[PDB]
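Student: Quick one, model23.txt (compact mmCIF, C-alpha atoms and all ligand atoms):
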```
# COMPACT_ATOMS: atom_id res chain seq x y z
CA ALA Z 265 -140.08 12.05 -75.35
CA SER Z 266 -139.82 14.98 -72.95
CA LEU Z 267 -142.90 17.01 -72.06
CA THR Z 268 -141.03 20.23 -72.88
CA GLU Z 269 -139.94 18.73 -76.20
CA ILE Z 270 -143.52 17.72 -77.03
CA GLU Z 271 -144.98 21.12 -76.14
CA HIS Z 272 -142.16 22.88 -78.00
CA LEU Z 273 -143.13 20.83 -81.06
CA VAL Z 274 -146.80 21.80 -80.79
CA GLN Z 275 -145.85 25.47 -80.49
CA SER Z 276 -143.44 25.22 -83.42
CA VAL Z 277 -145.98 23.68 -85.81
CA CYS Z 278 -148.77 26.05 -84.77
CA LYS Z 279 -146.52 29.00 -85.65
CA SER Z 280 -145.29 27.55 -88.95
CA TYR Z 281 -148.97 27.39 -89.95
CA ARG Z 282 -149.84 30.85 -88.65
CA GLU Z 283 -147.14 32.21 -90.98
CA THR Z 284 -148.18 30.26 -94.11
CA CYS Z 285 -151.98 30.23 -93.84
CA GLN Z 286 -152.38 32.20 -97.10
CA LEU Z 287 -155.31 34.12 -95.60
CA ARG Z 288 -156.05 35.28 -92.07
CA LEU Z 289 -158.91 33.40 -90.41
CA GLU Z 290 -160.00 36.72 -88.90
CA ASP Z 291 -160.71 37.87 -92.47
CA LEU Z 292 -162.20 34.67 -93.92
CA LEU Z 293 -165.01 34.77 -91.34
CA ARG Z 294 -165.40 38.54 -91.75
CA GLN Z 295 -166.00 38.19 -95.51
CA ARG Z 296 -168.84 35.64 -95.29
CA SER Z 297 -171.33 38.52 -95.54
CA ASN Z 298 -169.92 39.20 -99.04
CA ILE Z 299 -171.77 36.75 -101.30
CA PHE Z 300 -171.77 36.93 -105.08
CA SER Z 301 -174.79 38.45 -106.80
CA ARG Z 302 -177.04 36.66 -109.27
CA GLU Z 303 -175.35 38.61 -112.07
CA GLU Z 304 -171.77 37.91 -110.95
CA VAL Z 305 -172.60 34.20 -110.71
CA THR Z 306 -174.02 34.12 -114.23
CA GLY Z 307 -170.70 35.53 -115.41
CA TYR Z 308 -168.83 32.62 -113.84
CA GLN Z 309 -171.24 30.15 -115.47
CA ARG Z 310 -171.12 31.46 -119.05
CA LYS Z 311 -167.31 31.32 -118.98
CA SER Z 312 -165.61 28.63 -121.05
CA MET Z 313 -164.50 25.49 -119.23
CA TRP Z 314 -160.90 26.19 -120.24
CA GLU Z 315 -161.23 29.62 -118.64
CA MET Z 316 -162.29 27.99 -115.37
CA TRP Z 317 -159.74 25.16 -115.29
CA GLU Z 318 -157.06 27.81 -115.87
CA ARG Z 319 -158.30 30.04 -113.04
CA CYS Z 320 -158.66 27.26 -110.47
CA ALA Z 321 -155.25 25.84 -111.44
CA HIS Z 322 -153.64 29.19 -110.61
CA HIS Z 323 -155.39 28.98 -107.23
CA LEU Z 324 -154.26 25.42 -106.47
CA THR Z 325 -150.70 26.15 -107.59
CA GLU Z 326 -150.57 29.19 -105.31
CA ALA Z 327 -152.05 27.19 -102.43
CA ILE Z 328 -149.57 24.33 -102.90
CA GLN Z 329 -146.80 26.92 -102.58
CA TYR Z 330 -147.90 27.89 -99.07
CA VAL Z 331 -148.08 24.21 -98.12
CA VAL Z 332 -144.42 24.11 -99.14
CA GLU Z 333 -143.53 27.26 -97.21
CA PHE Z 334 -145.22 25.50 -94.29
CA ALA Z 335 -143.40 22.19 -94.74
CA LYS Z 336 -140.01 23.91 -94.78
CA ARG Z 337 -140.62 25.57 -91.40
CA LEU Z 338 -140.59 22.13 -89.72
CA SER Z 339 -137.35 21.32 -87.89
CA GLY Z 340 -137.33 17.65 -88.87
CA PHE Z 341 -138.77 17.60 -92.37
CA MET Z 342 -135.68 19.38 -93.70
CA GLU Z 343 -133.52 16.71 -92.03
CA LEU Z 344 -134.84 14.35 -94.72
CA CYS Z 345 -132.91 13.78 -97.93
CA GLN Z 346 -133.75 15.48 -101.22
CA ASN Z 347 -135.71 12.41 -102.34
CA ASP Z 348 -137.83 11.82 -99.23
CA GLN Z 349 -138.74 15.51 -99.16
CA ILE Z 350 -140.05 15.37 -102.73
CA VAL Z 351 -141.97 12.16 -102.02
CA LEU Z 352 -143.88 13.55 -99.04
CA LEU Z 353 -144.99 16.75 -100.78
CA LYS Z 354 -145.67 15.13 -104.17
CA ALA Z 355 -148.12 12.82 -102.40
CA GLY Z 356 -149.25 15.09 -99.58
CA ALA Z 357 -149.04 18.66 -100.87
CA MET Z 358 -152.49 18.75 -102.49
CA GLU Z 359 -154.13 16.74 -99.69
CA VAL Z 360 -153.13 19.44 -97.19
CA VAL Z 361 -154.59 22.19 -99.38
CA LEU Z 362 -157.85 20.24 -99.46
CA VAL Z 363 -157.86 20.13 -95.65
CA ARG Z 364 -157.16 23.87 -95.43
CA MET Z 365 -160.21 24.47 -97.64
CA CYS Z 366 -162.58 23.88 -94.71
CA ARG Z 367 -161.57 27.34 -93.46
CA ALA Z 368 -162.91 29.21 -96.50
CA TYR Z 369 -166.13 27.14 -96.37
CA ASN Z 370 -169.36 28.54 -94.92
CA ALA Z 371 -171.39 25.74 -93.33
CA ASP Z 372 -174.47 27.99 -93.03
CA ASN Z 373 -175.18 29.05 -96.62
CA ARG Z 374 -173.06 26.20 -98.07
CA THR Z 375 -170.76 28.62 -99.91
CA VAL Z 376 -166.99 28.88 -100.31
CA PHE Z 377 -164.70 31.91 -100.50
CA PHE Z 378 -163.59 32.01 -104.15
CA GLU Z 379 -161.89 35.19 -105.39
CA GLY Z 380 -163.00 37.90 -102.96
CA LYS Z 381 -166.56 36.69 -102.36
CA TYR Z 382 -168.40 33.61 -101.11
CA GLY Z 383 -170.40 31.64 -103.65
CA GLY Z 384 -172.25 28.35 -103.88
CA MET Z 385 -171.20 25.29 -105.82
CA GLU Z 386 -173.35 26.25 -108.82
CA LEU Z 387 -170.76 29.01 -109.38
CA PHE Z 388 -168.41 26.44 -110.96
CA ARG Z 389 -170.92 24.93 -113.40
CA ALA Z 390 -168.75 25.81 -116.42
CA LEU Z 391 -166.27 23.06 -115.48
CA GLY Z 392 -168.79 20.31 -116.16
CA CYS Z 393 -167.60 18.34 -113.11
CA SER Z 394 -170.90 18.30 -111.25
CA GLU Z 395 -169.85 15.27 -109.20
CA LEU Z 396 -166.30 16.36 -108.36
CA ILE Z 397 -167.49 19.74 -107.09
CA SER Z 398 -169.76 18.00 -104.58
CA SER Z 399 -166.98 15.87 -103.08
CA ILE Z 400 -165.21 19.08 -101.99
CA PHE Z 401 -168.19 20.88 -100.46
CA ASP Z 402 -169.07 17.58 -98.78
CA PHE Z 403 -165.55 16.95 -97.47
CA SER Z 404 -165.34 20.58 -96.33
CA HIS Z 405 -168.74 20.58 -94.63
CA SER Z 406 -167.83 17.63 -92.39
CA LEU Z 407 -164.65 19.42 -91.29
CA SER Z 408 -166.38 22.78 -90.81
CA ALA Z 409 -168.80 21.04 -88.44
CA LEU Z 410 -166.00 20.04 -86.05
CA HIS Z 411 -165.08 23.75 -85.78
CA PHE Z 412 -161.46 23.08 -86.69
CA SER Z 413 -159.13 25.54 -84.98
CA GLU Z 414 -156.00 26.97 -86.57
CA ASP Z 415 -153.74 24.87 -84.34
CA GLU Z 416 -155.76 21.71 -84.98
CA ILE Z 417 -155.62 22.21 -88.76
CA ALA Z 418 -151.92 23.00 -88.43
CA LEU Z 419 -151.26 19.82 -86.46
CA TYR Z 420 -153.58 17.73 -88.65
CA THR Z 421 -152.24 18.87 -92.03
CA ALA Z 422 -148.75 18.26 -90.63
CA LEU Z 423 -149.66 14.60 -90.03
CA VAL Z 424 -150.90 14.30 -93.62
CA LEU Z 425 -147.49 15.25 -95.03
CA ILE Z 426 -145.18 13.35 -92.67
CA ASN Z 427 -146.51 9.83 -93.27
CA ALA Z 428 -144.09 6.88 -93.34
CA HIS Z 429 -146.67 4.93 -95.39
CA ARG Z 430 -145.75 6.79 -98.62
CA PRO Z 431 -144.17 4.71 -101.40
CA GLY Z 432 -140.61 5.35 -102.52
CA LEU Z 433 -139.20 6.54 -99.19
CA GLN Z 434 -135.48 6.02 -98.66
CA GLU Z 435 -135.10 7.12 -95.02
CA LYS Z 436 -138.36 5.41 -94.12
CA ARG Z 437 -137.31 4.69 -90.53
CA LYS Z 438 -136.47 8.37 -90.06
CA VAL Z 439 -139.97 9.29 -91.25
CA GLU Z 440 -141.60 7.03 -88.66
CA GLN Z 441 -139.79 8.68 -85.75
CA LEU Z 442 -140.96 12.05 -87.09
CA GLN Z 443 -144.53 10.82 -87.65
CA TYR Z 444 -144.76 9.51 -84.08
CA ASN Z 445 -143.39 12.72 -82.55
CA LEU Z 446 -146.21 14.54 -84.37
CA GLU Z 447 -148.93 12.03 -83.48
CA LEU Z 448 -147.82 12.41 -79.86
CA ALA Z 449 -147.94 16.21 -79.97
CA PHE Z 450 -151.36 16.06 -81.64
CA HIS Z 451 -152.85 13.98 -78.82
CA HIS Z 452 -151.20 16.17 -76.18
CA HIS Z 453 -152.71 19.34 -77.63
CA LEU Z 454 -156.19 17.80 -77.72
CA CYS Z 455 -155.86 17.03 -74.00
CA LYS Z 456 -154.65 20.52 -73.05
CA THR Z 457 -157.73 21.92 -74.81
CA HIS Z 458 -160.06 18.97 -74.05
CA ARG Z 459 -160.64 18.03 -77.70
CA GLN Z 460 -160.30 14.24 -77.62
CA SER Z 461 -163.74 14.01 -79.25
CA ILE Z 462 -162.58 15.15 -82.70
CA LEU Z 463 -160.13 12.25 -83.03
CA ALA Z 464 -162.87 9.74 -83.88
CA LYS Z 465 -164.71 12.19 -86.18
CA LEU Z 466 -161.85 13.07 -88.54
CA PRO Z 467 -161.95 11.87 -92.16
CA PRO Z 468 -160.61 8.31 -92.37
CA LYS Z 469 -157.27 8.49 -94.15
CA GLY Z 470 -157.63 6.96 -97.58
CA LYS Z 471 -160.85 8.87 -98.09
CA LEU Z 472 -158.88 12.12 -98.13
CA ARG Z 473 -156.35 10.05 -100.08
CA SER Z 474 -158.82 8.68 -102.64
CA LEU Z 475 -160.69 11.99 -102.87
CA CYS Z 476 -157.50 13.81 -103.87
CA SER Z 477 -156.63 11.15 -106.46
CA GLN Z 478 -160.02 11.68 -108.11
CA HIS Z 479 -159.46 15.42 -108.57
CA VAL Z 480 -155.96 15.11 -110.05
CA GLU Z 481 -157.32 12.56 -112.54
CA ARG Z 482 -159.75 15.20 -113.79
CA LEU Z 483 -157.32 18.09 -113.33
CA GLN Z 484 -154.51 16.73 -115.51
CA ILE Z 485 -156.55 16.50 -118.72
CA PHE Z 486 -157.08 20.25 -119.03
CA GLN Z 487 -154.00 21.62 -117.22
CA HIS Z 488 -150.70 19.88 -116.45
CA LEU Z 489 -149.48 18.35 -114.44
CA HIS Z 490 -147.40 16.78 -111.67
CA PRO Z 491 -146.68 19.75 -110.60
CA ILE Z 492 -143.19 20.49 -109.17
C1 LIG H 501 -161.20 20.20 -110.45
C2 LIG H 501 -161.24 21.03 -109.18
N1 LIG H 501 -160.45 20.40 -108.19
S1 LIG H 501 -158.92 20.99 -108.27
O1 LIG H 501 -158.58 21.36 -109.62
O2 LIG H 501 -157.95 19.94 -108.03
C3 LIG H 501 -158.69 22.36 -107.14
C4 LIG H 501 -158.40 23.62 -107.62
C5 LIG H 501 -158.22 24.69 -106.72
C6 LIG H 501 -158.34 24.47 -105.34
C7 LIG H 501 -158.18 25.56 -104.44
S2 LIG H 501 -157.05 25.72 -103.13
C8 LIG H 501 -157.57 27.30 -102.62
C9 LIG H 501 -157.01 28.14 -101.44
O3 LIG H 501 -156.64 27.56 -100.44
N2 LIG H 501 -156.90 29.58 -101.48
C10 LIG H 501 -157.30 30.38 -102.63
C11 LIG H 501 -158.63 31.13 -102.41
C12 LIG H 501 -159.81 30.31 -102.91
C13 LIG H 501 -158.85 31.47 -100.91
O4 LIG H 501 -158.58 32.33 -103.14
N3 LIG H 501 -158.58 27.65 -103.46
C14 LIG H 501 -158.92 26.75 -104.42
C15 LIG H 501 -160.06 27.03 -105.46
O5 LIG H 501 -159.99 28.02 -106.17
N4 LIG H 501 -161.21 26.13 -105.60
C16 LIG H 501 -162.25 26.40 -106.59
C17 LIG H 501 -163.65 26.17 -106.07
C18 LIG H 501 -163.77 24.81 -105.46
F1 LIG H 501 -165.02 24.60 -105.06
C19 LIG H 501 -162.82 24.67 -104.34
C20 LIG H 501 -161.40 24.92 -104.81
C21 LIG H 501 -158.64 23.20 -104.87
CL1 LIG H 501 -158.80 22.92 -103.16
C22 LIG H 501 -158.81 22.14 -105.77
CL2 LIG H 501 -159.18 20.54 -105.20
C23 LIG H 501 -162.67 21.13 -108.71
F2 LIG H 501 -162.78 22.14 -107.83
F3 LIG H 501 -163.47 21.36 -109.76
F4 LIG H 501 -163.02 19.98 -108.12
```
Kindly present the structure from the file in structure tokens form.

Tutor:
Amino acid sequence: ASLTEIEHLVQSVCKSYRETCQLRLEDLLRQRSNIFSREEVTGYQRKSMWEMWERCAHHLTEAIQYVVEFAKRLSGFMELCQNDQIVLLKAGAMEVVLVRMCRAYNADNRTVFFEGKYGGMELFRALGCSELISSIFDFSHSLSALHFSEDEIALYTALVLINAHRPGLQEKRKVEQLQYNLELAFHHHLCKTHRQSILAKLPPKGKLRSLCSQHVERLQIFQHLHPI
């Protein structure tokens, strides 16, 4: 409850994210001028749907690994038992990756950084999931409008994992104390930087929750599955 303890928690989380961000934000915004050509896009469209589900799955798997390298660098998440740890990632791991996607999204041209270059949503037409593709560009566009900073995404994605409202938690009371200590540090950082406005413009939890459930439902059929 100490001010020093709260600030030390903000600093800790912001660094655990700076070390497991997969890509440097200084480079994601520097690559936006590198858009796919009309020929390179046609290559991604003629590809078989199995070829695309296999590529994207390697991307999501790799991304979910960083979200784990990030979760481990939290002095408080490791204090949870083997079971509670698995619960929070199994439910939250993918949701955090979906939040981190707003970084690689270009709100101007409505493109996303996919494999070295930025490309529109018609680049993934081979999947046949015309509707699912939109829910990502939509969810990412709303977050890219807020101008999410690295520390805000780090603090936000941290509150998506540590959530005492996850089913099957053994040390549920211990998760609440951790969730509060993060919710408190999240408010404190928005005051230091005068960012109280974004609190009422974030995606209502459950939307991010239901959105993720819709993608796994489609994802499982082609590639499996849980995953670790
Ligand atoms: C059924 C699908 N959903 S999905 O299977 O569950 C799925 C699969 C992969 C990713 C991730 S994570 C991630 C990352 O952080 N770093 C890696 C980079 C890209 C920087 O090289 N990249 C990606 C990615 O390649 N794509 C492909 C284009 C999409 F438009 C956005 C996501 C995610 Cl977010 C999801 Cl949702 C879908 F997309 F069809 F709906």

Student: For each of Z:412, Z:486, Z:300, Z:281, take the minimum atom-to-atom distance to residue 330 of chain Z, counting all atoms listed in the file, then give the residue where this is smallest.

Tutor: Z:281

Student: In Å, how far is it from atom CA of residue 297 of chain Z to atom CA of residue 385 of chain Z?

Tutor: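 Interatomic distance here is 16.8 Å.
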
Student: Taking (-137.3, 5.6, -93.2) in the file's coordinates, which residues come within 12 Å, counting all atoms listed in the file, written as number ranges by chain?

Tutor: Z: 343-345, 347-349, 351-352, 426-443

Student: For segment 338-354 of chain Z, I'd like the enclosing box, axis-aligned and padded by 4 Å on every side, reported as JSON with centre and edge lengths in Å to one decimal.

Tutor:
```
{"center_x": -139.3, "center_y": 17.0, "center_z": -96.0, "size_x": 20.8, "size_y": 18.3, "size_z": 24.3}
```

Student: By how many Å are atom CA of residue 299 of chain Z and atom CA of residue 311 of chain Z apart?

Tutor: 19.0 Å

Student: What is the distance between atom CA of residue 321 of chain Z and atom CA of residue 422 of chain Z, in Å to one decimal?

Tutor: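 According to the coordinates, atom CA of residue 321 of chain Z and atom CA of residue 422 of chain Z are separated by 23.1 Å.
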
Student: I'd like the neighbourhood of segment 403-408 of chain Z as a VMD selection string, where a residue qualifies if any of its atoms comes within 12 Å (using only C-alpha atoms), though same-chain residues fewer than 5 positions away should be ignored.

Tutor: chain Z and resid 359 361 to 376 396 to 398 413 to 414 416 to 417 420 462 to 463 465 to 468 471 to 476

Student: Pick from Z:464, Z:278, Z:424, Z:390: nearest to ligand LIG 501 (chain H), with all atoms listed in the file counted?

Tutor: Z:390

Student: Between Z:454, Z:273, Z:489, Z:423, single out the one closest to ligand LIG 501 (chain H), counting only C-alpha atoms and all ligand atoms.

Tutor: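 For ligand LIG 501 (chain H), the nearest of the candidates is Z:489.
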
Student: Using only C-alpha atoms and all ligand atoms, which of Z:415, Z:379, Z:447, Z:402 sits nearest ligand LIG 501 (chain H)?

Tutor: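 Selected residue with least distance to ligand LIG 501 (chain H): Z:379.
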
Student: Taking all atoms listed in the file into account, name the residue in Z:289, Z:444, Z:381, Z:482 that is nearest to residue 265 of chain Z.

Tutor: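 Between Z:289, Z:444, Z:381, Z:482, the residue approaching residue 265 of chain Z most closely is Z:444.
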
Student: Skipping near chain neighbours, those fewer than 5 positions away, what residues fall within 12 Å of residue 266 of chain Z using only C-alpha atoms, listed as a VMD selection string?

Tutor: chain Z and resid 271 to 273 445 448 to 449 452

Student: Determine the nearest neighbour of residue 357 of chain Z from the options Z:479, Z:491, Z:290, Z:276, counting only C-alpha atoms.

Tutor: Z:491
